[PDB]
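Notes follow once the structure below has been shown.
Numbering (the numbering used here), first residue to last: 379 to 612.
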């Protein structure tokens, strides 16, 4: 292949997919994450994996862009969820009930729609400058829930739908920002459809243990949800 930098948050590092690289520390970079799977299946990949659990756009700027340079051939990224406080939102939703959940989501969605686009530009501008020849793939987040059926979970239908809408919002904002820098956008709903929570075939962890894994892709989610989307953009 060649010089692949994989940036982003826990959906890119692979929190929830297991088999973590011990040196990544709290970044929780999984060898079963889509970037690690990509590198392991493309011969000769110089794989710079800087994605990190908990990362915001600011963390990408401060800690992750170091190996991004004129030599970079491929950049992947998921980022923006933590900026919008998704982890915090999910936690609140599963503890404080529907009203608090809906309020927290609304606040997150306001962030996504209003505040996030410029922060994405911050990151994408950096990629523009440092790695002008790199093919850049921005991957979205999956809608977390399949709606319409009975589902054995604590979040109400309303809460599920609201969280889905947040995903829809962030994916819309991100696809347009990505395209605005000439980056590819990888919509992971193309693969996660039929594999949301409540789908009967989840490729996401529900609210689970260890706590950090909740709402993140399973190993199957990384290998067949995220990775095929990266591969589709090559």
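Built from N, CA and C at the ideal position, the CB exists for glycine as well.
Rounded straight-line distance, which links the Cα of residue j to that of residue i
i, j, result
"residue 658", "residue 398", "As shown, the chain starts at 379 and ends at 612. That puts residue 658 outside it, with no answer to give."
"residue 517", "residue 435", "14 Å"
"residue 401", "residue 409", "12 Å"
"residue 454", "residue 386", "8 Å"
"residue 612", "residue 474", "42 Å"
"residue 466", "residue 547", "17 Å"
"residue 462", "residue 494", "7 Å"
"residue 540", "residue 442", "31 Å"
"residue 563", "residue 422", "24 Å"
"residue 458", "residue 545", "11 Å"
"residue 485", "residue 556", "23 Å"
Environment of residue i [buried if 16+ CB atoms lie within 10 Å]
i, result
"residue 572", "exposed"
"residue 323", "Outside the displayed range of the chain (379 to 612) lies residue 323, so it cannot be described from this structure."
"residue 503", "exposed"
"residue 558", "exposed"
"residue 406", "buried"
"residue 447", "exposed"
"residue 450", "buried"
"residue 605", "buried"
"residue 497", "buried"
"residue 445", "buried"
"residue 588", "exposed"
Identified DSSP bridge partners for residue i
i, result
"residue 434", "None; residue 434 has no bridge partner."
"residue 455", "385, 516"
"residue 424", "381"
"residue 398", "408"
"residue 582", "595"
Start-to-end residues for the alpha helix (DSSP H) that takes in residue i
i, result
"residue 389", "388-391"
"residue 610", "605-610"
"residue 412", "412-418"
Distance cut-off 6 Å: residue i Cβ against heavy atoms of the ligand FMN
i, result
"residue 537", "Within the structure as shown, the ligand FMN is missing, as the structure has no ligands at all."
CB contact below 7 Å: residue i versus chain C
i, result
"residue 388", "Going by chain labels, chain C is absent from the structure shown, which holds only one protein chain."
Entirely within the stretch 472-519 and at least 3 residues each: give me those beta strand (DSSP E) ranges in chain order.
Here the runs fully enclosed are 513-517.
Whole beta strand (DSSP E) elements within the stretch 522-580, 3-residue minimum:
Entirely contained in the stretch 522-580, the beta strand (DSSP E) runs reaching 3 residues are, in chain order, 562-564.
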